[PDB]
Amino acid sequence: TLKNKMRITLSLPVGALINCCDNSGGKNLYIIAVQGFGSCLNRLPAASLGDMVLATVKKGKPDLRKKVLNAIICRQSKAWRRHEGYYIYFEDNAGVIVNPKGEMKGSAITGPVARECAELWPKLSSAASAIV
Amino acid sequence: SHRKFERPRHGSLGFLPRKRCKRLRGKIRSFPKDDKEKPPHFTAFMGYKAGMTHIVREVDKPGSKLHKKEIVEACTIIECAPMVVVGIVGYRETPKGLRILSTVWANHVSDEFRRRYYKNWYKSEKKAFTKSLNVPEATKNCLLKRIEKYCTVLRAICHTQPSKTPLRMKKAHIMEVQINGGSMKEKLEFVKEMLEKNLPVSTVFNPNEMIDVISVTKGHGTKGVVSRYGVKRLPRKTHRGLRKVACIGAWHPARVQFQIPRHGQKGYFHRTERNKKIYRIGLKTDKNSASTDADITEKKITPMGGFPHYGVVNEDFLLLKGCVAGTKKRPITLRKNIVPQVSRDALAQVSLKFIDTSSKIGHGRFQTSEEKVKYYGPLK
Amino acid sequence: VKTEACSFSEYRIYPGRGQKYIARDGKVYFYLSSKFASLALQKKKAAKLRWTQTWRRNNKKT
RNA sequence: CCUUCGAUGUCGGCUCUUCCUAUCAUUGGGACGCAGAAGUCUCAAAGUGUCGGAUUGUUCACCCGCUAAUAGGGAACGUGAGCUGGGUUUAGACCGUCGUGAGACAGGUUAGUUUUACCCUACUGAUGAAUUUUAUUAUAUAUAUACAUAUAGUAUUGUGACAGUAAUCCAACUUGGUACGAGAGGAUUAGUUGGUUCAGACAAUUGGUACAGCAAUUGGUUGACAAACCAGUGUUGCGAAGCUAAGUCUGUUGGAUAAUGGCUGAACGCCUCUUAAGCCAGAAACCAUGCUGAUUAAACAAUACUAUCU
RNA sequence: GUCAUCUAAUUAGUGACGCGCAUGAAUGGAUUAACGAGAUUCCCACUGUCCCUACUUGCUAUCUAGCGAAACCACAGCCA
RNA sequence: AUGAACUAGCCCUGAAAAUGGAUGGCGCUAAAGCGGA
Ligand SMILES: [Mg+2]
Ligand SMILES: [Mg+2]
Ligand SMILES: [Mg+2]
Ligand SMILES: [Mg+2]
Ligand SMILES: [Mg+2]
Ligand SMILES: [Mg+2]
Ligand SMILES: [Mg+2]
Ligand SMILES: [Mg+2]
Ligand SMILES: [Mg+2]
Ligand SMILES: [Mg+2]
Ligand SMILES: [Mg+2]
Ligand SMILES: [Mg+2]
Ligand SMILES: [Mg+2]
Ligand SMILES: [Mg+2]
Ligand SMILES: [Mg+2]
Ligand SMILES: [Mg+2]
Ligand SMILES: [Mg+2]
Ligand SMILES: [Mg+2]
Ligand SMILES: [Mg+2]
Ligand SMILES: [Mg+2]
Ligand SMILES: [Mg+2]
Ligand SMILES: [Mg+2]
Ligand SMILES: [Mg+2]
Ligand SMILES: [Mg+2]
Ligand SMILES: [Mg+2]
């Protein structure tokens, strides 16, 4: 699978709390790290709508709690530019729990998923309902 | 002791004496290397900045995510009225640098060229270039033979025509354009044919060419360290204010070093930028100079309501991809690359699908002024 | 040149202008200016404002 | 116990620059108990980097992470007329041990004032005259000339000594499930597409900003309508132009080398990269090219006009 | 200090344990509803404290007419 | 007229630090260096 992902505006820094968007049992997610982030003195790591993150679950069924997990961002509230020449934004921020290799722990996504996110992960595209 | 945490330096020490420039005009510091196997040709030009707009274009990159999509890009417009060639100068090489033999002028010159030699032309007798045009041509030809025999570099003196723009200025801008190409004699022959004619901009450049730009940035005055160098901002509890650098240096190098950022003048700097691509060379004899194959609406480049802060463009122009330093009306200098490039982007040729001409005052909604009256119907 | 409507005040949107908003369900909305986006996001109705094409269609003013 | 007791502000952090190499990563090499992969020892080399957090006043520690790597240090233990004031280190007060007692404790605890730059210099930007014991990399008609030439004023176009200097790292796919290997595994180079951190600009689009402007409205006051005003910007919605990032564009190639590996060839009839003479290839290092300045050279040239007078 | 709890991660907070350097009974011991500009930890709401800074108003500073001090001062003020 | 061992003069390896620097400086190799006359 190719990994190109033309740049997207980042607005979801570390310490944000977002919805969980799937049927795995959790209700929210708490971002604590972002893969691929480098070094810069006072800067916070931040993620956009195709990246994989490390998160914990603050509410949901007890066996999912008190652990570090993997997640993938599917919707975001900050606007971003599409090369066709317009701007897009959702209402809320959502993500799903996955494997370190990007395989879901649940079996269904609830709401719409972004068209850029589905181009990078084939299982998420297969399990989606409406791609926008 | 050592600093606790590392961070790269703030400014760039290569643009360092951040003082105001000597002039409006951008000066070429070095020219492209002469390839004596090409035919003689010009190397530079000059015009004025008008404004910006956007276009729609199709992509031809196999392997990219955008390989078959129409995309939007931003472009800049430069007004390019023709210049006039009025003189010849020849240099020769000495161990102290290039040196001049003589300058040779044309038989006639215009008044906007002569105004550039006067602080206040309106109260003068206007006696510049009045006795040295009656020189016999025999002396001129002897001087040209000497230039041919003893020199190694030619340049041509050219000037612009501000009367064909919406500018308030009437003095013409003067510059030298080096001529690369064949032998010295061929160079001299090439130049002499033009001593009183016009250069169109289309003679000097080609469609889909890559070009370098020289101009002077916008001026802002005195600006603080936070804005001038982008240093960190300091905590709100600080007693004498927070917009500064805390430590100027260690104790005992017992001075302030030149690398420390300080307050001072920002803007109005001289710059040279590389690799700006040409998208269209429009003319003034063409009525539909902003229409495409996919949009047959008859249009000129000027947006509805005039270019904001400039005026109307009714000469031939260049369309450049990207941005250029300077304000509106700032004179822009255009040089060829030092050596020609052969990359995948330098050779690729561009076909356009739409050029926007809606109003830039406010939020434009129509492409021509007839659509506006067609939409509303009769008014009161 | 291809163009499509504003979904709040059905003016025509030329390329390089617009703004879209995906709702709770997969509905797509497409405004052109900041004024219309702000008005729609404050939940105002186009039929209640005098200058929109919806008001003067319901008043037979065309 | 040499300097300072008619006084050199005493912990740590934050901010900012520069230097060292005893090299963690990135560049080219040599060796292995070296099949590949992953490592270990070592050479030239300081050009470019060396992070986000929980507990503690901490320096020091110790965990959670990402990363290419999260190397070690100096500059009056860099840095208080730069800040801050949590600790220590005056006067209040509590506890424990000690003391007949007043009181002590390098044992805990809580509350406790951080003053002055307009001077010199350094550094950052801004105006600006005066330069004959002065200068010259030619001029004039193949010949002559330093035993020579050079005035000033106002303008334009140029030369360029010297000083500063800039880019950096990564991933995916192809090569190719291949060379190597019994298997398990499994890459060097090269290409293509993107990205990180830096640097220089810009405002077509998106967002931010309001004492241009238009509209709405509470209390009060002009008899009412209309028109207005006060409440130090009464409050609210939209808000052009301009400025601006979180938005957009741009960021080269040559010369001569160090390590190492080689050529021809004596000393020493064989041999030998030279541990003689004579040569070759060769690194993110060096010098140019390119870029910024050039009252940094008290520096110069060509040109166009004008100087009751060379 | 050991065990549990709170976090992703706890020299901090809480609940237990006790051969307690050096705890203990009007030098008062153990509790305790209400009250406190008293000392600490965690949660919800909130935000320019921060990521990362930008734009704006009054009053200064600035240049003019007028008026007009002081501290300090061996002599002075480029470097290796 | 070839082998081996040993000995001692000049030279070389052992030989890494923080602002840019010090046989006093320039520089000096048919010495302007070291041991003599
Ligand atoms: Mg910090
Ligand atoms: Mg304070
Ligand atoms: Mg506009
Ligand atoms: Mg309408
Ligand atoms: Mg003293
Ligand atoms: Mg002192
Ligand atoms: Mg003192
Ligand atoms: Mg060692
Ligand atoms: Mg190697
Ligand atoms: Mg290596
Ligand atoms: Mg100190
Ligand atoms: Mg020390
Ligand atoms: Mg102080
Ligand atoms: Mg301190
Ligand atoms: Mg100090
Ligand atoms: Mg204190
Ligand atoms: Mg006390
Ligand atoms: Mg706006
Ligand atoms: Mg605006
Ligand atoms: Mg306890
Ligand atoms: Mg008793
Ligand atoms: Mg007692
Ligand atoms: Mg004043
Ligand atoms: Mg000194
Ligand atoms: Mg001597």
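Naming: A, B, ... by sequence-line order, numbering from 1 per chain.
Within a 6.0 Å radius of NZ in A:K67, other residues, nucleotides and ligands contribute more than 12 heavy atoms. Atom CZ of C:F36 has more than 12 neighbouring heavy atoms from other residues, nucleotides or ligands inside a 6.0 Å radius. The environment of A:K27 atom NZ is sparse: at most 12 non-hydrogen atoms of other residues, nucleotides or ligands sit within 6.0 angstrom. The number of heavy-atom neighbours closer than 6.0 Å to NZ of C:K44, taken from other residues, nucleotides and ligands shown, is 12 or below.
Between C:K20 and A:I88, the shortest heavy-atom distance links the atoms CB-CD1, 3.4 Å.
Note: A:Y89 and C:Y21 have tilted aromatic rings, judged against thresholds of 30 and 60 degrees for the angle between ring planes.
Contact count against chain A (heavy-atom pairs under 4.5 Å) is highest for C:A23 among C:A23, C:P15, C:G26.
Looking at C:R24, both its backbone and its side chain come within 4.5 Å of chain A, counting heavy atoms on both sides.
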